[PDB]
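First comes the structure, then the notes that go with it.
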Amino acid sequence: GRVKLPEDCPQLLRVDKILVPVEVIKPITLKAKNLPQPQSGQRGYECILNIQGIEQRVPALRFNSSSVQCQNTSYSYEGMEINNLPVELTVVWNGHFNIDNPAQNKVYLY
Amino acid sequence: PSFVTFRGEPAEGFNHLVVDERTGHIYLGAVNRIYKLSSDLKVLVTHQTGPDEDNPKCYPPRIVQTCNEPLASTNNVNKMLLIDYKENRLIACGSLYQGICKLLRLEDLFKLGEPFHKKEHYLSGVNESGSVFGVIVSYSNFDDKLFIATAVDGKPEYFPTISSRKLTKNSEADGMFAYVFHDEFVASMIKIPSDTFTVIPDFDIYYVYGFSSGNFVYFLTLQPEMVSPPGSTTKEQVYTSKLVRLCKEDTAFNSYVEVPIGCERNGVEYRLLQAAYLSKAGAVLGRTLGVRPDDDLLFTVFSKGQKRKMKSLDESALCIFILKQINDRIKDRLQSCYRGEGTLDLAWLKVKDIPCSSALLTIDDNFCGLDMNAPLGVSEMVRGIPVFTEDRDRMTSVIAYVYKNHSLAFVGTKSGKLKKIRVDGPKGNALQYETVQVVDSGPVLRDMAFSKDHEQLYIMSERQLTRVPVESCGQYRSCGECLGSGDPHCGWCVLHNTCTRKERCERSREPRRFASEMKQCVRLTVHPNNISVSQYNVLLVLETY
């Protein structure tokens, strides 16, 4: 569990842009590094999308120290105002613990 | 004196217990909890496996996919527990996940991994504790695996009752619980056929005990009414207790064998296995038994009749099987099939009876099984040698060990008592003592293990674990009394003037230092036996032998 070096820290690595169509059931695979294995008394991972219209909480599975995936779900925003809406996403585990997002990767709902 | 114990730390529940050979630390499986305890039964660490929102009906549990059925916080029962020394961890398989298994680190109980994603990662819907068993066998790398049997609950498509699975080094690895050899045609697993389910609705295999011997793996199982008892249509279910075996080496699963097992006492039938324990005889039992030092033995416990596996009868009997004898029965059976005589006769597996094919073969104990005359059953039920029978209070569990060549047997009771039995068919006698370390009102569980040092015997109850010492000879004050009691553990440590076991007496090995029989005591005589009150300071001579 100890982190002496900055390279080793828990963070989400970027992949080709995450495209998400509205009203489509799709999984969102993620890559990352040094994801912790939840210890006793600690719950699993969730994907939180910060959409002003609706914030979605989808639970996810941590396959290994470097990969995650939100489960099949569909997303939407109300308005039909703009085609491409980038959304900040926060990966959390054990409820509150937010994993660091240096790149600040976002999900594009189109 | 009081016995050291661990109360249900969760006062709430308890299910399985195991001891680490090196450390002596005791790991205890329970509902919603897995505990690590010291030899003394002090609480080392508590793990929360428990209450998870879930539903038994749902296939791939909520995490993988959405389930229409409503969820409720439910209890996760520890179905199984197995120590993986090589991996330096503990496999603690639960339920309520569709039976997902967990890996806890040996020292701290840190969760190394718990594979949920694939179908193999799910063992069984079954909520019941102890209905599952298995063995972990390991070798150096590029040689290895886990054999596990579990009940299906009528899930035949989802899970295999018996399987040969993979245990990768990395707990994170996806590969875990994958079948050793998977082929489109045949996989290292045995499923229950759908046809058999339709015929008998409820059929299910419950695995009580399991152990590795030589180079095989045996399981004591309970099954349903299939040609026993005869019945045209479904109605009542009665069970038949049988022995199962596999070659460790058979990826194909061709080696499967299944013999019904039981024993009878004066015209009374004891068909249902409560528990079993593989062990050694030691010089005493082995000699009269006619065995080699290495040869194994299997102590077992059976209830009377075929009825009510859920709640069996009080009448119970402790029987015995010599592995050589069972091996013979199996070899005898195989050499017969190879004769081409009769059918395979395994009702649940093969509905339509296929015939045995004759062939030229050298039939040995090594025989792993062949493509033709494939998995087969057995006609002649193997009878066991009876030892002790309790009518009033049902035996629940058993263990045994070698002490100074004498074979001591331990038997749990429905009452919460342990019996210390010297088996003396090969010698000559019966039950030496009974103890209530445990729990005066209500019973003991099959997981009953002796410590590594073999000083104590941890006895598990639904509520508590109790460290019952294997002898309490100290109660006896004199050589006459000590040897008088007869409980075989006790001897008179002459110089110490105390009553205890051979191990306890320092220098007992030396001559006349320790007394086994009353004759050895002590005999004393005084020459002036009678002396008058008037006399004083008279010389007396003492003769002692």
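To match Swiss-Prot, the residue numbers of chain B are left as they are there, and the shown ones run 37-581.
Determined by X-ray crystallography, 7.5 Å, according to the entry header.
Backbone N, Cα and C define each Cβ position, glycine as well.
The disulfide bond feature in Swiss-Prot is assigned to B:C94-B:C103 (among others); the stated evidence is sequence analysis. Same-chain residues at least 6 positions away in sequence with a Cβ under 8 Å from that of B:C94 (disulfide bond) are, in sequence order, B:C103, B:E105, B:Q134.
Listed in sequence order, the residues of the same chain lying 6 or more apart from B:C137 (disulfide bond) and placing their CB within less than 8 Å of its CB are B:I127, B:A128, B:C129, B:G130, B:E150, B:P151, B:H157, B:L159, B:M212, B:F213. What Swiss-Prot lists as disulfide bond is B:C129-B:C137 (among others), and the listing cites sequence analysis.
Summarising the environment of B:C404 (disulfide bond), the number of other Cβ atoms within 10 Å of its Cβ, over all protein chains shown, is 15. The disulfide bond feature in Swiss-Prot is assigned to B:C283-B:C404 (among others); the stated evidence is sequence analysis.
Look at Swiss-Prot and you will find B:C299-B:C355 (among others) tagged as disulfide bond. Note: B:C355 (disulfide bond) has non-local neighbours B:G298, B:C299, B:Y306, B:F335, B:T336, B:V337, B:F338, B:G420, B:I421, B:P422, B:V423, i.e. same-chain residues 6+ apart with C-beta under 8 A of its own C-beta.
Residues or ranges marked as disulfide bond in Swiss-Prot (evidence: sequence analysis): B:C373-B:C392 (among others). In sequence order, B:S372, B:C373, B:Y374, B:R375, B:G376, B:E377, B:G378, B:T379, B:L380, B:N409, B:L412 make up the list of same-chain residues 6 or more apart from B:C392 (disulfide bond) whose Cβ falls under 8 Å from its Cβ.
Taken from Swiss-Prot, the feature disulfide bond covers B:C509-B:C526 (among others), and the record attributes it to sequence analysis. Under 8 Å, Cβ to Cβ, and six or more positions away along its own chain, B:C526 (disulfide bond) finds B:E507, B:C509, B:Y512, B:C518, B:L519, B:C535, B:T536, B:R537. According to DSSP, B:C526 (disulfide bond) sits in a coil region rather than a helix or strand.
The disulfide bond annotation in Swiss-Prot covers B:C515-B:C557 (among others), and the record cites sequence analysis as its basis. Residues within less than 8 Å, Cβ to Cβ, of B:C515 (disulfide bond) and separated from it by at least 6 positions along the same chain comprise B:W528, B:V530, B:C535, B:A551, B:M554, B:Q556, B:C557, B:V558.
According to Swiss-Prot, the disulfide bond annotation covers B:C518-B:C535 (among others), on the basis of sequence analysis. For B:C535 (disulfide bond), the number of other Cβ atoms no farther than 10 Å from its own Cβ, over all displayed protein chains, is 27.
Within the same chain, the residues at least 6 positions away from B:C529 (disulfide bond) whose Cβ sits under 8 Å from its Cβ are B:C535, B:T536, B:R540, B:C541, B:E542, B:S544, B:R549, B:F550, listed in sequence order. Summarising the annotation, Swiss-Prot assigns disulfide bond to B:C529-B:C541 (among others).
Look at Swiss-Prot and you will find B:508-558 tagged as domain 'PSI 1'.
Taking the disulfide-bonded residues B:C299, B:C557 in turn, the residue surrounded by the fewest other Cβ atoms inside 10 Å of its Cβ turns out to be B:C557.
Helix, strand and coil content of the domain 'PSI 1' (B:508-558), in residues and according to DSSP, is 13 helix, 8 strand, 30 coil. Its Cβ taken as reference, B:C541 (disulfide bond) is surrounded by 21 other Cβ atoms within 10 Å in the chains shown. B:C373 (disulfide bond) has a Cβ environment of 22 other Cβ atoms inside 10 Å. Burial estimate for the disulfide-bonded residues (B:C509, B:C518): highest at B:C518, by number of other CB atoms within 10 Å.
Counting only same-chain residues at least 6 apart in sequence, those with a Cβ under 8 Å from the Cβ of B:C283 (disulfide bond) are B:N251, B:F252, B:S291, B:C404, B:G405. Working note on the disulfide-bonded residues B:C103, B:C129: by count of other C-beta atoms within 10 Å of each C-beta, B:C129 ranks first.
Secondary structure from DSSP puts B:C283 (disulfide bond) in a beta strand.
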